[PDB]
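Colleague: In their complex positions, the first chains:
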Amino acid sequence: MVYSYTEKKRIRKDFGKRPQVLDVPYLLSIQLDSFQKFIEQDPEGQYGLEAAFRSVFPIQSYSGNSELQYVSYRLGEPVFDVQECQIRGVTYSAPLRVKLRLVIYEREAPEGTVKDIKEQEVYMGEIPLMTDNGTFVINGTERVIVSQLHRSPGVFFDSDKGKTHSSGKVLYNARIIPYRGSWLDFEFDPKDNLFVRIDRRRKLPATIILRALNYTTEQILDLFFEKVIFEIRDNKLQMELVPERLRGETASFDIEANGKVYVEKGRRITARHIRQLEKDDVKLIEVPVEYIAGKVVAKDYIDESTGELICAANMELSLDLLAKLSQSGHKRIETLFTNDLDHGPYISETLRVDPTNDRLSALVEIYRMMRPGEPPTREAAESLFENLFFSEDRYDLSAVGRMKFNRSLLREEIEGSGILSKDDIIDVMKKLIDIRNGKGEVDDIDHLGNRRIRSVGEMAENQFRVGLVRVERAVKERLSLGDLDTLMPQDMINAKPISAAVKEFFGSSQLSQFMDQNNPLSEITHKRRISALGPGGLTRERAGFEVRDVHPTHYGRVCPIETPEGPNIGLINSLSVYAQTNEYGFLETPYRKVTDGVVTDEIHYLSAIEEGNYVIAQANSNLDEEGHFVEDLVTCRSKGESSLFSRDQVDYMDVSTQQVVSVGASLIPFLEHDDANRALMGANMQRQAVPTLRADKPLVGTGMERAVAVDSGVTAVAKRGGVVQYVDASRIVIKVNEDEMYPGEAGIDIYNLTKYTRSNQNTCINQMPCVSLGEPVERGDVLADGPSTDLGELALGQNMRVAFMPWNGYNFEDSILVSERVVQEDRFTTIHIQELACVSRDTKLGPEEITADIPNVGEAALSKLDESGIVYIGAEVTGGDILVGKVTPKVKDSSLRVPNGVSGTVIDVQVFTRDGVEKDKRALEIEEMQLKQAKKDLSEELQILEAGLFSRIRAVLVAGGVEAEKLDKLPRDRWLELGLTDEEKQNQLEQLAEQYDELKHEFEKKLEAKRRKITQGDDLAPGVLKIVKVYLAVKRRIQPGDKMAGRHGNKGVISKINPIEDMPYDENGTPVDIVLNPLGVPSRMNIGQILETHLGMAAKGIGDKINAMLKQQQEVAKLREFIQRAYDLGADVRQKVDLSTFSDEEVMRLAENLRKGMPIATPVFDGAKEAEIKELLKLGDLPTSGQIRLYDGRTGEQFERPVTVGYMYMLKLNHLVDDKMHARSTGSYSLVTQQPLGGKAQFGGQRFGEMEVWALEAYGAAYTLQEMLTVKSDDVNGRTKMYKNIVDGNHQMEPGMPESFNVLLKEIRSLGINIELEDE
Amino acid sequence: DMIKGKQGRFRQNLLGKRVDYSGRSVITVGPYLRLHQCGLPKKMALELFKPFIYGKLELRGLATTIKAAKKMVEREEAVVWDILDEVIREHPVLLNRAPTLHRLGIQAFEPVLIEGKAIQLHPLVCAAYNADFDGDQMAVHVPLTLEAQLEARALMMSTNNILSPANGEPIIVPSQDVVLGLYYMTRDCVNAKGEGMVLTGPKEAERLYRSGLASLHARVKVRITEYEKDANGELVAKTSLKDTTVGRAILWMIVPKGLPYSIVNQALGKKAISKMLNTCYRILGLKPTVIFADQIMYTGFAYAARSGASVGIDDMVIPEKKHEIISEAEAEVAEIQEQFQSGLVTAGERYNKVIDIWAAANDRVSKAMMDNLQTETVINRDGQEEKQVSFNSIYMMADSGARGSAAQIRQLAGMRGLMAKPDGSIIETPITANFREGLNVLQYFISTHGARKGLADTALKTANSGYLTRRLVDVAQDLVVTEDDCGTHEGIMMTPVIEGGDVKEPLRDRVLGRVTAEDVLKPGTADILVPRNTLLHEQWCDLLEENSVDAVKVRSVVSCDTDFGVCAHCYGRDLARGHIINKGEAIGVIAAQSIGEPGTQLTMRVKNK
């Protein structure tokens, strides 16, 4: 095995066994594909803006036989780059511009064009470009749009249990949910009659639609009911028996034929009886005529002998009616075949309920219901009815919707119209009847197959279409009104509505998230998050336990563990590591195929509905390297149920054991040993983690560290195969191999590192180099580390030295003990950045200005400001120190000062102004400075570009115009001066000079464009016409009360800092960094943490022994033998390394990196086993048990028997105490109610909760309570008097009267109620 | 809208409101603190008492005016701290967790000043508060006036509230760590260093252990003195020799007088400590109890550290029978499935027989696993070997009752066992794997159903229960004890719940603290054993159960004839005071809260002679 230069510096030891085939797929695939699919001007009519337009357009007006017709669009480049846009604090939007044809066809003639004009590229649009990392930049903001899980467009079938009208009955429900438009629902009444309702409107009989669909009663019965027949055959009306229908019947009379009786009154009928009956030609039997009367007629009938019609379909029979139809001369009477359970009369039942008879009545009736209290009109009814379900503009089923629908009806053909049709309704209706008759099965809404995922691209398009609809109303009227001979399209359509719709959607939609930029892992998990909420979804309270609980289909698709705490439980979900989405939007996962006897490397993606058919073995199942399972049978899930199956009796296998979890869980090693509850906690806490200044790496890893860092995009990547030549810790530039050097290209790539900048959660994101000049890099190699990363390895926290034991109660409960060494060692020191900005107002008493001439303020603060009234960069400030010296007339210190209770250093100034505003010295220098920085980058880029351009000139100078003795001393622009004709050398000089001028022009125009952009002001909000932004940096150590977490769900707050002497220490004189409460382990059942600490301890020992040799001058041979033996240790591990090849130089480099401790990988469900751990400990310098004796640092005596000592990876959560502790003695009060202000941002007071009053009430204390509300909350008079009394030392209160009570009285009195206080 | 509902004035402002002189902080545990004390950060303290500080400054005359005083405070000068200490010298303070469960949820403390920013809490008290230090915040309020200060000190002060009001039982029972250390200390070792000597008393016992010449739980003979309080309460001493382990003798030194040595001459789990402390208080009263608790707390931490009661993976011994029983059970299950294939049994019978096979298999694993761990110690004693209860870390933690249960160890060491879908149907194959060895993917996936369900139930339950309590408090609030006697001679009769055959509760516990409605008929006939309205406190209840009583008639609050309230005699004993209630107390809120807290713990998802 061989490794890259980046890989070949910390070759993480691995213990995974399974040689998985499929790599980890690119994480952000879903988002990027979603938007790419949406944004492209795809010529094909499906999806994207093009599809939306084709749905809408052409748009026409009856008025003049005139329309405007669609042509494809153009997309403009953004006004600013990401950072300029971010810096300016606006949305990173691109403009939309389209072509359309506006026409006027001729009247009174075949509709040829009187006039048609194609639009001059009308523009109306501003949409945010998906940023490189898949995020969207909003005004001064970066946002992530989560993917929504919603009920798929399709036909559903459902039944109720126990809720069935209290009757103990079964009620069946069928629903049609279009991709867009009206809902349609069918229901079985407790009285067994079938009813329909639209958009949850009032109950109606289904039969009404059938008439609306222009079907007569007999046609309806023919569609729904099979016939049973009687005929005059030599005597009264013999029945046309089909014996199979006697299934489960008991005869009420003799059933006989061919001189043989098969059944008699009271005798059951069975299949073997039936076989004789039909085989013996029983096709006619004279049932006793009363049995005929029991049936219901299947048709209306005439008395053709008199031209009269007296008989009604659905009419129940009687003996006289038999005479009447026989009197009419009918040879036959047709009746509806039915059984009390096999064939129900539900349609006939409905027919009795139905008052409507004709299509006129149906159309009128339905219209009336849809249009309560409104004038009916036959064509109006029809047109309305058409809108209901037969026009895309009001009812539409997407391609997936139709496909889903056809699948439900068991159609082998999946395609179909987006609108409904009579047959489709009939099939659905029949299915519900089939279910009622006990020959159908209900769906599971929770089953994934019924559920589909929406992404940014899909949702945006729908939002975009909505805006067009609002355009439709405007344009249509205008087109109707317009003269059309001088009006042009830009007049007909105005941007404002469309822009707002998308604009407001991004900023306001629940699914638009202010990104949790906390740390790299936080972003990525946050970005691949699935939510059930939002429109078309459920709501955080309306969710039964069943939906919240994990479903079997979720396996390998939705991580069961990641769901966050609280009401979000089960509502918010994350994709699996190997998750993929079907073209239909179905979440799909890959599987390997059991090809005959051998599992094979072919991979196929399945949705749950596919998986139900097959049987799939567990990923970790053994196999013989040919594919045959080592065991002749294996554990597999067939229909989700777990059972064992034979080799070649199984069908599929799971590609990877890690396939079940999401990345967030994946980082947890030894997860297989730990209880879910703690595991869930660990996953959420990961994103809670905050970076550390001295971050190095995780010791006990899982194998996701490289992948997560790369896909996160926070780290820099080698876009081309190249070698490095520069370093400034601000930029990196790469010289690229010729094979990737392009013919008219520089041959070099430069990158600019992002430096200290506040995150969405007020944390710095500065990148750092990890390379040197002249160092080679493959394409895709890691160029620069970012927060919580090293060598492109995800590194959230620190590897601590820890032991488990009680310690004088200071670590009781989750309490965590800490040593003064760790803080001195800087492990968990962290940096925070805060932004403070000030605006100048158009105050009516005179506008504001920034000045150093602040009224009456002390000199010292003024000294901190410059003469511009602005604090200097690099200054150190504390609460109350002046930052911005803004003032108001009538002059006044309307200035910005440091928030109380905070201290920090000052690094930023960004100044903005409206048009027509003058600048200050500070802004001018900064603006000019930035200009210069851009110029410098351009010059250096130019320097290489011209250097490559010079290379072309110098190369030919080797052979033509040879002047090597003075080659470049004849200036490289003077090289043209050679007095030559079209000779080879001159042609190069003359033509490349033009390119040399163009190159010069490009930098000039780029330079001019850059500074022009930098020069211009901004379109600030009204009432203010200059803004200043200031950033402040805070460095934070660890204090008691800070929240700390271990990956294995072991969260706790630290409360102590000890003189290093106190800590327990080993016989080798080494104290521990941390001590943890042991009793939590059995309570939490997360033993895996102990496995981590044991393994990490062994990992540290390997590094230590390495360090000793490197600390010594041991020869490379010792190093070679030691390390190689280290890696080769273990069971049939998948990993290998060939250290001998690495030149003995990278060995030192690699070895040096190792001396900190051995980095190890641990697949989520294929980690190392104990026996391997024991060997490593033996290879280390510790007993196989891992426990060690220790000595009290206070007394020097030994603790009783060995204890657990180990190295563990520990994380800091972004909840440190100082950011939460708050206290207020006195402060302002709210206007609407004199009670104190609330919260920390404002100097608000704590709320005495309602329940806590009850607790107070429980005790007999009353004076306290009286004081609580009167003095401390709601009495201006008393509290003020109280204030004085305290200064007077009386500590006495006057009773007073709560002011808010007066407010209530006023409001009540403001009602129609008279309310008073009674003296007596 | 401003009036009605949750957002209305009633809830928004009236029945709950923001209050000045308040603060919130993150919690921490201070072992050094005495029960009545609490530690708070200087930063909050400096703010909270500014009006007090100004008064002292102007009383000092150092501040010419309020603004000058405020100006000096900005300095945070040494003198400010001196005055702040003087001001805070005894001023009580209020600390409450949120949401409060009951009146115990809020209690008063005396403050001590801290340099950091967290608020420090005594470990024994926090348990009553239900505080978990995984990041819990807490809110603080200061009583201003003379009346409030006395109110806070008299009632809310922690020393007053050792007894639960829902049940007259100590809520102070020690922590997991404190109890375990004592449990380890009180255990005995068959043979140990320094074993077999005779000691005059604890004084030399401590010295001998401190010198390391004898082990803590080594067996030893000791001379000891103990006190009995006479028929009136006069405490007189007796001296005797005992055979014991050393740790017991040293712990006895902490025990105050008047308590028999026998109670401590045994391994002390949370069970023993619970009743020992409870009985101790009743025998000796409150004042010795509170100081007794602190010494218990201090000692437990100290020797828990010395014990080095760590836990390691090696500690989790796995029975070899686990594989044997699993393989044995699997064979039988295969027979059942085959017999179903033979048609010899229905699917349901096939299914339920299999789970029964698993149930037996799991239990046999529990037998092997549990029996081995406790049995795991063979030791030599002057030659020859003997068996004793194991000193295993895991066994001690569960056996002591400090944390966990037999189920936890059974999962970890035995098998995670049978498991069910969200529907409650048991998967026809249990989770045969333990945790010491990792689960298989499907097994782990199966477990996810149960875990989430538990979380799901908790989430909605906690929301549903609160809305219930609100209903309770409103209706209950009106009732107040105002009368001494209502006059009734009537009452209800009490019995032990006799269900599932014989009793499932003792009549002793229920009749306790009530008052008779009629004189108790003595065993026999016509003789009366107790007066008709006797406060049925402990001894009489013991006296009654000593007799052949089956049921007794007692007055009740419902029978109480009081107007606009309740009479004390109908209510009888107060849970939080032992003696009869003081007039003028609103019991209704107490009852409501008493029910409210435990409700959260519910779920929303012939035989003998």
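Modeller: Everything's here; your move. Numbering: from 1, shown residues only, chains lettered A, B, ... in the order given.

Colleague: quick one: whichever strand or helix holds residue B:464 to chain centroid distance?
Modeller: Assessed by DSSP states H and E, residue B:464 sits inside helix B:441-476. Relative to its parent chain, helix B:441-476 has a centroid offset of 22 Å by Cα atoms, centre = their mean, to the nearest Å.

Colleague: helices or strands up against the helix or strand following that helix?
Modeller: Reading on from helix B:441-476 to the C-terminus, the next helix or strand found by DSSP H and E is strand B:481-483. Judged by 3 or more Cβ pairs under 8 Å, 6 or more residues apart in numbering or on different chains; DSSP states H and E, the packing partners of strand B:481-483 are strand B:566-567, helix B:568-571. Backbone N, C-alpha and C define where each C-beta goes, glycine included.

Colleague: if we can go back for a sec, which parts of the helix holding residue B:464 are buried?
Modeller: Buried residues in helix B:441-476, counted by 16 or more other Cβ atoms under 10 Å in any protein chain shown: B:441-453, B:455-457, B:459-461, B:465, B:469, B:472-473, B:476.

Colleague: Could you do stretch A:197-205 as well?
Modeller: A:197-198, A:204-205.

Colleague: Also stretch A:167-180?
Modeller: Here stretch A:167-180 shows A:171-180 as buried, counting by 16+ other Cβ under 10 Å.

Colleague: Same question for stretch A:508-523.
Modeller: Those would be A:509, A:511-513, A:515-523, for stretch A:508-523 by 16+ other Cβ under 10 Å.

Colleague: how long is that stretch from one end to the other?
Modeller: One end of stretch A:508-523 sits 20 Å from the other (Cα to Cα, to the nearest Å).

Colleague: Tell me the gap between it and the middle of its chain.
Modeller: How far stretch A:508-523 lies from its chain's middle: 9 Å, per Cα atoms, centre = their mean.

Colleague: Then stretch A:474-487?
Modeller: With Cα atoms, centre = their mean, you get 43 Å for stretch A:474-487.

Colleague: So for that stretch, what gets flagged as buried?
Modeller: Neighbour-count burial for stretch A:474-487, counted by 16+ other Cβ under 10 Å, picks out A:475-476, A:478-479, A:482, A:484.

Colleague: Which stretches in the stretch 501-609 of chain B count as helices?
Modeller: B:507-511, B:538-546, B:568-571, B:587-599 (DSSP state H, counting those that start in this stretch).

Colleague: Dump those helices to a markdown table, plus mean neighbour count.
Modeller: Below are these laid out as a markdown table (neighbours: other Cβ atoms under 10 Å in any protein chain shown):
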| stretch | mean neighbour count |
| --- | --- |
| helix B:507-511 | 16 |
| helix B:538-546 | 14 |
| helix B:568-571 | 23 |
| helix B:587-599 | 20 |
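
Colleague: extra chain here, label it DNA strand C:
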DNA sequence: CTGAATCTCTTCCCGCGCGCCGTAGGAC
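Modeller: Below is DNA strand C, added to the chains above:
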């Protein structure tokens, strides 16, 4: 005047931390 099968305005733990964000139409 009896009968359900019909019928709609109450309620949905207590507190805390950021972030964003609020009438339409017009002298041209």
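
Colleague: picking up where we left off before, near DNA strand C, anything from the helix holding residue B:464?
Modeller: Yes - shown here: helix B:441-476 in contact with DNA strand C (Cβ under 7 Å from any atom of the strand) through B:462-463, B:465-467, B:470.

Colleague: For the residues you listed, give me TSV that also has distance to residue A:305.
Modeller: Formatted as TSV, the residues of helix B:441-476 next to DNA strand C follow (distance: Cβ to Cβ, whole Å):
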residue	distance to residue A:305
B:462	81
B:463	77
B:465	80
B:466	81
B:467	76
B:470	80
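
Colleague: quick revisit: are there helices or strands packed against the helix holding residue B:464, and which ones?
Modeller: helix A:545-548, helix A:676-688, helix B:587-599.

Colleague: partners of the helix or strand following the first one, with directions?
Modeller: Downstream of helix A:545-548, the next assigned helix or strand under DSSP H and E is strand A:572-574. Paired neighbours of strand A:572-574 in the sheet (DSSP bridges): strand A:529-531 (antiparallel).

Colleague: Next, the residue of the stretch 701-850 of chain A found nearest DNA strand C: phi, psi?
Modeller: Proximity of the stretch 701-850 of chain A to DNA strand C (Cβ to the nearest atom of the strand) peaks at residue A:762, 5.3 Å away. With angles defined as degrees, to the nearest 10, residue A:762 shows backbone torsions of phi 60, psi 50.

Colleague: for it, what are its contacts?
Modeller: Residue A:762 is in contact with A:832-835, counting by Cβ atoms under 8 Å, 6 or more residues apart in numbering or on different chains.

Colleague: roughly how far apart are it and chain B?
Modeller: Look at residue A:762 and chain B: by Cβ to the nearest Cβ, to the nearest Å, they are 19 Å apart.

Colleague: try residue A:203
Modeller: Applying Cβ to the nearest Cβ, the value for residue A:203 to chain B is 32 Å.

Colleague: correct me, but that residue touches residue A:193?
Modeller: No - taking contacts as Cβ atoms under 8 Å, residue A:203 lies outside contact range of residue A:193: 9.8 Å.

Colleague: Would you mind naming what in chain A lies close to DNA strand C?
Modeller: Residues of chain A lying close to DNA strand C (Cβ under 7 Å from any atom of the strand) are A:138-141, A:165-167, A:189-191, A:202-203, A:504, A:507-508, A:514, A:541, A:762, A:1220, A:1222, A:1238-1241, A:1244, A:1246-1247, A:1249-1251.

Colleague: Please produce a ChimeraX select command covering the buried subset of those.
Modeller: Buried residues among the residues of chain A next to DNA strand C (16+ other Cβ under 10 Å), as a ChimeraX selection:
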select /A:138,141,189,762,1220,1222,1244,1246,1247,1249,1250,1251
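
Colleague: let's bring in DNA strand D now:
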DNA sequence: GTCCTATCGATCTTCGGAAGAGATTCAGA
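Modeller: Alright, DNA strand D goes in next:
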């Protein structure tokens, strides 16, 4: 551009839930 001025109320992405008691209401008795 600034600043004035009069209503405010239809058709579009809607439905996304459900326990419990006073009218009004279905079937005769």
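
Colleague: now that DNA strand D has been added, could you go back to the contacts of residue A:762?
Modeller: A:832-835.

Colleague: can you rerun that using 7 Å?
Modeller: Neighbour list for residue A:762: A:832-834 [criterion: Cβ atoms under 7 Å, 6 or more residues apart in numbering or on different chains].

Colleague: Redo those as TSV? Include neighbour count and distance to residue A:332.
Modeller: Shown next, in TSV, are those (neighbours: other Cβ atoms under 10 Å in any protein chain shown; distance: Cβ to Cβ, whole Å):
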residue	neighbour count	distance to residue A:332
A:832	21	92
A:833	22	92
A:834	15	93
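
Colleague: Can you redo those as JSON lines, where the extra columns are secondary structure?
Modeller: Putting these into JSON lines (DSSP: H, G, I helix; E, B strand; the rest coil) gives the following:
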{"residue": "A:832", "secondary structure": "strand"}
{"residue": "A:833", "secondary structure": "strand"}
{"residue": "A:834", "secondary structure": "strand"}
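
Colleague: Make TSV out of those and add distance to residue A:898.
Modeller: Below are those laid out as TSV (distance: Cβ to Cβ, whole Å):
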residue	distance to residue A:898
A:832	14
A:833	15
A:834	10
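
Colleague: which one of these is nearest DNA strand D?
Modeller: Taking Cβ to the nearest atom of the strand as the measure, residue A:834 is the one of the contacts of residue A:762 closest to DNA strand D, at 32.4 Å.

Colleague: Identify the residue nearest that closest one in space, chain neighbours excluded?
Modeller: Computed as Cβ to Cβ, 6 or more residues apart in numbering or on different chains, the closest residue to residue A:834 that is not its neighbour in sequence is residue A:1032, at 4.7 Å.

Colleague: number of nearby residues for the one you found?
Modeller: By the measure other Cβ atoms under 10 Å in any protein chain shown, the count of residues near residue A:1032 is 25.

Colleague: tell me the contacts of it?
Modeller: Taking Cβ under 7 Å, 6+ apart, one finds A:833-834, A:836, A:904-906 in contact with residue A:1032.

Colleague: Span of stretch A:690-701 from start to end?
Modeller: With Cα to Cα as the measure, stretch A:690-701 spans 18 Å from end to end.

Colleague: Kindly report the same for stretch B:365-384.
Modeller: Stretch B:365-384 has an end-to-end distance of 31 Å (Cα to Cα).

Colleague: And the contacts of it?
Modeller: Outside stretch B:365-384, the residues touching it (Cβ under 7 Å, 6+ apart) are B:190-191, B:317, B:319, B:321-322, B:325, B:385-392, B:394-395, B:406, B:410, B:413-415.

Colleague: Keep those, but drop any that are not near chain A.
Modeller: Contacts with chain A within the contacts of stretch B:365-384, counted by Cβ under 7 Å from any Cβ of the partner chain: residue B:394.
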